[PDB]
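Q: Residue numbers (the working numbering), protein chains in the order written: chain F, 1 to 149; chain X, 150 to 347; chain Y, 348 to 397; chain U, 398 to 617; chain G, 618 to 702. Mind having a look at this structure? Questions to follow.
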Ligand SMILES: *[C@@H]1O[C@H](CO)[C@@H](O[C@@H]2O[C@H](CO)[C@@H](O)[C@H](O)[C@H]2NC(C)=O)[C@H](O)[C@H]1NC(C)=O
Ligand SMILES: *[C@@H]1O[C@H](CO)[C@@H](O[C@@H]2O[C@H](CO)[C@@H](O)[C@H](O)[C@H]2NC(C)=O)[C@H](O)[C@H]1NC(C)=O
Ligand SMILES: *[C@@H]1O[C@H](CO)[C@@H](O[C@@H]2O[C@H](CO)[C@@H](O)[C@H](O)[C@H]2NC(C)=O)[C@H](O)[C@H]1NC(C)=O
Ligand SMILES: *[C@@H]1O[C@H](CO)[C@@H](O[C@@H]2O[C@H](CO)[C@@H](O)[C@H](O)[C@H]2NC(C)=O)[C@H](O)[C@H]1NC(C)=O
Ligand SMILES: *[C@@H]1O[C@H](CO)[C@@H](O[C@@H]2O[C@H](CO)[C@@H](O)[C@H](O)[C@H]2NC(C)=O)[C@H](O)[C@H]1NC(C)=O
Ligand SMILES: *[C@@H]1O[C@H](CO)[C@@H](O[C@@H]2O[C@H](CO)[C@@H](O)[C@H](O)[C@H]2NC(C)=O)[C@H](O)[C@H]1NC(C)=O
Ligand SMILES: *[C@@H]1O[C@H](CO)[C@@H](O[C@@H]2O[C@H](CO)[C@@H](O)[C@H](O)[C@H]2NC(C)=O)[C@H](O)[C@H]1NC(C)=O
Ligand SMILES: *[C@@H]1O[C@H](CO)[C@@H](O[C@@H]2O[C@H](CO)[C@@H](O)[C@H](O)[C@H]2NC(C)=O)[C@H](O)[C@H]1NC(C)=O
Ligand SMILES: *[C@@H]1O[C@H](CO)[C@@H](O[C@@H]2O[C@H](CO)[C@@H](O)[C@H](O)[C@H]2NC(C)=O)[C@H](O)[C@H]1NC(C)=O
Ligand SMILES: *[C@@H]1O[C@H](CO)[C@@H](O)[C@H](O)[C@H]1NC(C)=O
Ligand SMILES: *[C@@H]1O[C@H](CO)[C@@H](O)[C@H](O)[C@H]1NC(C)=O
Ligand SMILES: *[C@@H]1O[C@H](CO)[C@@H](O)[C@H](O)[C@H]1NC(C)=O
């Protein structure tokens with residue numbers, strides 16, 4: 001009778017230890033993920049999409065929790081978008097001009113260059129554009145003047 | 150104790166094998182742990198019972214050994230996937246991920262073979278010998294606000310310069326390393342300094 | 348009802364028909380002395396790892 | 398019903414039109430990750446047999462099963478402490494914020510430790526700790542909750558006062574409206590946008606931090 | 618201690634790095650055997666102000682080791698031979 005009780009309790013204890021080992025593997029994977037988020041979102045700014053919150057990641061703050069960690073991801077979300085007419089290049093003096101960092105936009109009558117993630121229109125100059133080739137190659141090039149300072 | 154991570158895996162596997170070998174010495178409630186002794190001592194009606202007890206004990210031991218072997222195989226597979234990720238991102242490229250390829254700003258990495266493992270020599274850049282400077286967000290000149298294109302405005306006490314952010318290399322604040330956005334009335338903490346024109 | 352434990356005074360007020368006490372895990376942690384109607388907590392003896 | 402995935406959003410695509418954002422929202426979101434478990438240890442001999450010597454004499458016939466169970470539980474117990482060590486102890490310098498909280502309008506009082514509380518926790522961390530409710534032994538964790546809160550306080554002080562520089566070497570101080578501008582340039586937005594609209598970004602950040610505290614206090 | 622009763626270790630008021638973990642913030646070390654509350658790290662107050670920056674003037678090329686296990690010993694057990702021979 002004691003042998004029956006011993007083998008039953010030993011089977012119960014082996015089952016408990018096996019499922020505890022499986023849960024320990026799962027918790028170790030979650031903790032490795034949490035250490036990766038601590039290194040990449042808190043100790044630096046991450047370019048990885050949706051790794052440190054929804055939106056363009058700015059920073060993160062760690063908070064202790066009972067058997068856990070809570071990351072407050074501070075992110076940048078674009079808002080209040082506006083339509084503009086765009087072109088890949090500007091044709092001027094038989095030369096093709098491409099934006100150095102931004103994008104050509106038009107509000108209907110005038111052409112500007114702006115940064116990609118925020119509307120900040122600037123006059124298309126030689127300082128924010130670069131010249132490559134003529135106007136015969138680029139599909140969709142439009143005619144506009146390019147100011148010279 | 151430098152190579153303790155590989156030696157831990159080797160010791161765990163050898164200890165699991167030693168436990169599995171040691172479990173043959175247990176009779177599990179039978180009269181003996183040796184099968185030849187039972188088969189040479191007993192008639193098959195009672196040797197069937199003794200062999201059945203030995204079989205269920207050894208089968209329980211073997212199933213237990215296979216269970217922790219599969220758990221350790223999952224752990225080693227996760228570690229090997231991590232090692233393959235480090236080989237792809239630290240050796241075959243330069244990684245922007247902080248502390249993924251060593252402490253500091255990661256420059257490059259070297260792989261080295263190890264018994265059942267890999268050793269990454271992470272070559273990183275650590276800043277050192279830092280110095281205080283008085284800083285400003287923008288330079289006010291001719292009613293216009295000037296901001297650094299890639300660097301930062303610093304001052305050693307009397308003169309203003311622009312430098313790259315991770316190394317002190319002072320340069321004259323010009324129109325070639327600054328850009329103009331707005332007037333001086335909006336930016337909090339803007340200071341007055343001249344901006345040279347080449 | 349037999350067992351091994353440290354028998355201390357208890358602040359649990361039993362109803363007069365109740366004799367023993369159980370926790371969530373169905374272990375006898377409270378009991379009534381039959382001689383004098385008083386309630387005693389049964390704390391397990393303080394075993395530990397060495 | 399048959400479930401609906403999401404609202405249809407026909408994007409107005411054409412070959413010469415673009416959509417450019419004119420504004421922004423500073424959005425703070427929560428991510429909760431488990432790190433460790435309760436470290437449990439089981440006396441296998443006492444669990445199977447208690448104090449019965451005949452039971453232990455019969456249990457010795459099964460060999461070293463109890464040793465394997467105890468060793469597996471010991472490995473789990475030290476793995477939890479290793480997990481907490483890898484997650485929270487990523488800095489060897491304990492940083493503190495300056496006594497004057499002049500960060501250019503940015504408010505961190507909900508995430509910095511409260512000096513009035515004896516546990517030295519943040520209000521958010523205090524709310525998080527309030528919202529969580531036979532041979533068996535529970536081993537205490539190696540790092541107490543006070544020291545884990547101290548580690549998070551050091552990480553917060555480092556990322557507020559020194560940027561990402563403390564994670565790559567010595568902590569190099571930088572004003573927070575400059576740190577923010579650097580982060581803006583990391584996501585491809587010019588520094589001027591941050592500087593011109595610094596009051597609005599600080600107000601949005603403080604409002605989002607308050608909404609985080611309200612959402613944690615209002616969601617079970 | 619909160620972990621239990623510790624016999625044979627002299628409790629000190631100083632804080633060091635953890636050598637042998639006891640638990641609940643208690644660690645032991647040999648120097649006789651002493652027991653202490655661990656020190657998390659060296660204390661460092663960053664000199665923050667709203668108009669001062671720290672710029673590095675030099676650098677260190679630092680090489681660090683990272684050891685990662687890849688495989689185990691490939692063991693196979695004949696189940697019939699192990700149980701029965
Ligand atoms: C597109 O933007 C340009 C530049 O902002 C607009 O041109 C201005 O129009 C206003 C309103 O008549 C005038 O007061 C300014 O003198 C104009 N500036 C220049 C440089 O011409 C233009 O009107 C806008 N077009 C549309 C359709 O909105
Ligand atoms: C943009 O300007 C170019 C050149 O200034 C224009 O190309 C001319 O088109 C006319 C009419 O078809 C031809 O007679 C010329 O020979 C072309 N010149 C060259 C150099 O190719 C082009 O048509 C203009 N596009 C727009 C939309 O105004
Ligand atoms: C900050 O740096 C500037 C540039 O190095 C220093 O200006 C020089 O000062 C020396 C010392 O008299 C002169 O010989 C040079 O002619 C100065 N250069 C210029 C361009 O004027 C300035 O003195 C430094 N300030 C402090 C407080 O050390
Ligand atoms: C930086 O220069 C600006 C522009 O010259 C100064 O602003 C002037 O301040 C005086 C004194 O209050 C006023 O009378 C002027 O009307 C201001 N002009 C403008 C355009 O705002 C500013 O005070 C200077 N700052 C420092 C620290 O010297
Ligand atoms: C940009 O212009 C497009 C095209 O005119 C707009 O798309 C339409 O928006 C209206 C407004 O409700 C809808 O009724 C149409 O069904 C949309 N068309 C398509 C193809 O989706 C778009 O809204 C404009 N964007 C902005 C920011 O004004
Ligand atoms: C950009 O959005 C912000 C809010 O997200 C706008 O700020 C609001 O401005 C209105 C009117 O000026 C005020 O009533 C609100 O109180 C402001 N909100 C905050 C949080 O300060 C801002 O005006 C928007 N800018 C543009 C150009 O649309
Ligand atoms: C930062 O935010 C905190 C909390 O939102 C502000 O503290 C509040 O101050 C008001 C005005 O004195 C009190 O009525 C509240 O009770 C305070 N809240 C708490 C939680 O203490 C604080 O004023 C903000 N600014 C600074 C510079 O700390
Ligand atoms: C930059 O200046 C600050 C303030 O003058 C320095 O911080 C002080 O450093 C000394 C020396 O360790 C300490 O005794 C003071 O307590 C510090 N002050 C504060 C407010 O923390 C800092 O060391 C300087 N940095 C450099 C690189 O020279
Ligand atoms: C930057 O730090 C390096 C340390 O690697 C300095 O190089 C040392 O310079 C001293 C003084 O001449 C020599 O005695 C050492 O032998 C040099 N070390 C090495 C490895 O070459 C370097 O001088 C420092 N530079 C500055 C500007 O501080
Ligand atoms: C866009 O397509 C229209 C036809 O639908 C064509 O007339 C126009 O030239 C195209 N523009 C570009 C930039 O490809
Ligand atoms: C820094 O704070 C001081 C007050 O101590 C203030 O006078 C000064 O204008 C501030 N500077 C900036 C750049 O915010
Ligand atoms: C039982 O005997 C005890 C002995 O002191 C006495 O106090 C008590 O009144 C008796 N009756 C009951 C119901 O306990």
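Built from N, CA and C at the ideal position, the CB exists for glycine as well.
(1) Take every Cβ of the region 150–164 of chain X, pair it with every Cβ of the region 175–189 of chain X, and state whether three or more of those distances are shorter than 8 Å.
(2) Would the beta-carbon of residue 281(X) be found less than 8 Å away from any heavy atom of ligand 3?
(3) Using a Cβ-based criterion (distance less than 8 Å to any ligand heavy atom), does residue 377(Y) qualify as near ligand 6?
(4) In three-state terms, what does DSSP make of residue 401(U)?
(5) Does the beta-carbon of residue 642(G) have 16 or more other beta-carbons within 10 angstroms, so that it is buried, or is it exposed?
(6) Alpha carbon to alpha carbon, what distance is there between residue 696(G) and residue 473(U)?
(7) Flag residue 249(X) as yes if its beta-carbon sits less than 9 Å from any beta-carbon of chain U, otherwise no.
(8) Determine the direct distance from the alpha carbon of residue 241(X) to that of residue 173(F), and round the result to whole angstroms.
(9) Decide yes or no for the touch test of the region 430–439 of chain U against the region 25–34 of chain F: beta carbon pairs closer than 8 Å, at least 3 of them.
(10) Would you check if there are 3 or more beta carbon pairs closer than 8 Å linking the region 568–582 of chain U to the region 460–472 of chain U?
(11) Could you tell me if the beta carbon of residue 142(F) falls within a distance shorter than 8 Å of some heavy atom in ligand 2?
(12) Tell me which residues of the region 52–73 of chain F have at least one Cβ-Cβ distance to chain U shorter than 9 Å, keeping chain order.
(13) Can you look up residue 299(X) in the DSSP assignment and give me helix, strand or coil?
(14) Which residues does DSSP pair with residue 85(F) in a beta bridge?
(15) Return the Cβ separation of residue 102(F) and residue 114(F) in integer angstroms, given the expectation that the two are a contact with Cβ distance under 8 Å.
(16) Expressed to the nearest angstrom, what Euclidean distance is found between the alpha-carbon atoms of residue 60(F) and residue 222(X)?
(17) Name the chain G residues whose beta carbon is nearer than 9 Å to that of residue 171(X)?
(18) Which residues bound the alpha helix (DSSP H) around residue 214(X)?
(19) Please confirm whether residue 47(F) has its beta-carbon closer than 9 Å to some beta-carbon of chain X.
(20) Listing by chain order, which chain X residues have their CB less than 8 Å from the CB of residue 40(F)?
(21) Tell me, please, whether the CB atom of residue 347(X) is closer than 9 Å to any CB atom in chain U?
(22) Taking C-beta to C-beta, are residue 316(X) and residue 672(G) nearer than 9 Å?
(23) Would you say the beta carbon of residue 409(U) is closer than 8 Å to some non-hydrogen atom of ligand 5?
(24) Determine the DSSP secondary structure at residue 581(U), reduced to helix, strand or coil.
(25) By the three-class DSSP mapping on this structure, what secondary structure does residue 341(X) have?
(26) Check whether the Cβ atoms of residue 239(X) and residue 271(X) sit closer than 9 Å, and answer yes or no.
(27) How many whole angstroms separate the CB atoms of residue 667(G) and residue 653(G), which I take to be in contact at a CB cut-off of 8 Å?
(28) Between which two residues does the alpha helix (DSSP H) holding residue 545(U) run?
(29) To the nearest angstrom, how far is the alpha carbon of residue 141(F) from that of residue 104(F)?
(30) Does the beta-carbon of residue 369(Y) have 16 or more other beta-carbons within 10 angstroms, so that it is buried, or is it exposed?
(31) Are residue 70(F) and residue 481(U) close, meaning C-beta to C-beta below 9 Å?
(32) Cβ of residue 63(F) within 8 Å of any heavy atom in ligand 7?
(33) Measuring alpha carbon to alpha carbon, tell me which of 5(F), 135(F), 78(F) and 38(F) ends up nearest residue 586(U).
(34) If you follow the alpha helix (DSSP H) that residue 42(F) is in, where does it begin and where does it stop?
(35) When we look at the beta-carbon of residue 62(F) and count the other beta-carbons within 10 Å, is it buried (16 or more) or exposed?
(36) Flag residue 89(F) as yes when its Cβ comes closer than 8 Å to any non-hydrogen atom of ligand 10, and as no otherwise.
A: In short, the structure shows the following:
(1) Because the criterion of three Cβ pairs below 8 Å is not met, the region 150–164 of chain X and the region 175–189 of chain X do not touch.
(2) Against the second chain, residue 281(X) aligns to sequence position 132. Checking the 8 Å criterion, the Cβ of residue 281(X) is out of range of every heavy atom belonging to ligand 3.
(3) Working through the third chain from its first residue, we reach residue 377(Y) at position 30. Flag unset: Cβ of residue 377(Y) not near ligand 6.
(4) Counting from one through the fourth chain, the residue named residue 401(U) turns up at place 4. Of the three classes helix, strand and coil, the one that applies to residue 401(U) here is coil, per DSSP.
(5) As a first step, residue 642(G) is located in the fifth chain; it is residue number 25 there, counting from the start. Its Cβ being crowded by 16 or more others within 10 Å, residue 642(G) is buried.
(6) Counting from 1 along the fourth chain, the entry for residue 473(U) is found at position 76. Counting from 1 along the fifth chain, the entry for residue 696(G) is found at position 79. Rounded to whole angstroms, the gap between the alpha carbons of residue 473(U) and residue 696(G) is 28 Å.
(7) Within the second chain, numbered from 1, the residue matching residue 249(X) stands at position 100. Answer no: the Cβ-Cβ gap between residue 249(X) and chain U never drops below 9 Å.
(8) As displayed, chain F neither begins before 1 nor continues past 149, which places residue 173(F) out of reach and without an answer.
(9) In short, these stretches touch, since the Cβ pair count reaches three.
(10) The region 568–582 of chain U vs the region 460–472 of chain U: no contact.
(11) Taking the first chain and counting its residues from 1, the one referred to as residue 142(F) is at position 142. Yes, the Cβ of residue 142(F) comes within 8 Å of a heavy atom of ligand 2.
(12) Of all residues in the region 52–73 of chain F, only 52, 53, 54, 55, 56, 57, 58, 59, 60, 61, 62, 63, 64, 65, 66, 67, 68, 69, 70, 71, 72 and 73 come within less than 9 Å of chain U when Cβ atoms are compared, listed by chain position.
(13) As a first step, residue 299(X) is located in the second chain; it is residue number 150 there, counting from the start. In the structure shown, residue 299(X) sits in coil (DSSP, three-state: anything other than H, G, I, E or B).
(14) Within the first chain, numbered from 1, the residue matching residue 85(F) stands at position 85. Paired residue(s): 106(F) and 414(U).
(15) Residue mapping note: residue 102(F) aligns to position 102 of the first chain, counting from 1. Residue mapping note: residue 114(F) aligns to position 114 of the first chain, counting from 1. About 5 Å; that satisfies the 8 Å criterion.
(16) Here residue 60(F) corresponds to residue number 60 of the first chain, with the count starting at 1. Here residue 222(X) corresponds to residue number 73 of the second chain, with the count starting at 1. Distance between the alpha carbons of residue 60(F) and residue 222(X): 34 Å.
(17) Reading the second chain from its first residue, position 22 is the one you call residue 171(X). Neighbours of residue 171(X) on chain G: none; closest Cβ ~13 Å, over 9 Å.
(18) For this step, residue 214(X) is matched to residue 65 along the second chain. Unbroken alpha helix (DSSP H) run through residue 214(X): 193–235.
(19) Here residue 47(F) is taken as the residue at index 47 of the first chain, counted from 1. Under the Cβ distance rule, residue 47(F) counts among the residues neighbouring chain X, one pair being separated by less than 9 Å.
(20) Position 40 of the first chain, counted from the first residue, corresponds to residue 40(F). What residue 40(F) touches in chain X: 246, 247, 248 and 249.
(21) Numbered from its first residue, the second chain carries residue 347(X) at position 198. No, residue 347(X) does not count as interfacial toward chain U.
(22) The count along the second chain starts at 1 and reaches residue 316(X) at position 167. The count along the fifth chain starts at 1 and reaches residue 672(G) at position 55. Contact flag set, yes.
(23) Residue numbering aside, residue 409(U) sits at position 12 when the fourth chain is read from its first letter. A distance criterion of 8 Å places the beta-carbon of residue 409(U) in contact range of ligand 5, judged by its closest non-hydrogen atom.
(24) Sequence index remark: in the fourth chain, residue 581(U) carries index 184 (1-based). Looking at residue 581(U) - three-state DSSP - the assignment turns out to be helix.
(25) Within the second chain, residue 341(X) is the residue found at index 192, counting from 1. Shown here, residue 341(X) sits in a strand according to DSSP, grouped into three states.
(26) The residue labelled residue 239(X) in the question sits at position 90 within the second chain. The residue labelled residue 271(X) in the question sits at position 122 within the second chain. Between residue 239(X) and residue 271(X), the C-beta spacing is below 9 Å.
(27) On the fifth chain, position 50 is the one that residue 667(G) refers to. On the fifth chain, position 36 is the one that residue 653(G) refers to. No, residue 667(G) and residue 653(G) are not in contact; Cβ-Cβ is about 39 Å, not under 8 Å.
(28) On the fourth chain, position 148 is the one that residue 545(U) refers to. Residue range 542–558 is occupied by the alpha helix (DSSP H) that includes residue 545(U).
(29) Along the first chain, read from residue 1 onward, the residue named residue 141(F) stands at position 141. Along the first chain, read from residue 1 onward, the residue named residue 104(F) stands at position 104. When rounded, the distance between both Cα atoms is 11 Å.
(30) Along the third chain, one-based indexing puts residue 369(Y) at 22. Counting the other Cβ atoms within 10 Å of the Cβ of residue 369(Y) gives fewer than 16, which makes it exposed.
(31) Indexing the first chain from 1 puts residue 70(F) at position 70. Indexing the fourth chain from 1 puts residue 481(U) at position 84. Using a Cβ distance threshold of 9 Å, residue 70(F) and residue 481(U) do not count as a contacting pair.
(32) Position 63 of the first chain, counted from the first residue, corresponds to residue 63(F). Incorrect: residue 63(F) has no Cβ contact closer than 8 Å to ligand 7.
(33) Indexing the fourth chain from 1 puts residue 586(U) at position 189. Taking only the C-alpha atoms, the option nearest residue 586(U) is 78(F).
(34) Translated into the one-based positions of the first chain, residue 42(F) becomes position 42. No alpha helix (DSSP H) holds residue 42(F); DSSP gives it neither H nor E.
(35) To locate residue 62(F), count along the first chain from 1; it is residue 62. With 16 or more other Cβ atoms from the protein chains shown falling within 10 Å of its own Cβ, residue 62(F) counts as buried.
(36) For the purposes of this step, residue 89(F) is taken as residue 89 along the first chain, with counting starting at 1. Taking 8 Å as the cut-off, one finds no heavy atom of ligand 10 near enough to the beta carbon of residue 89(F).
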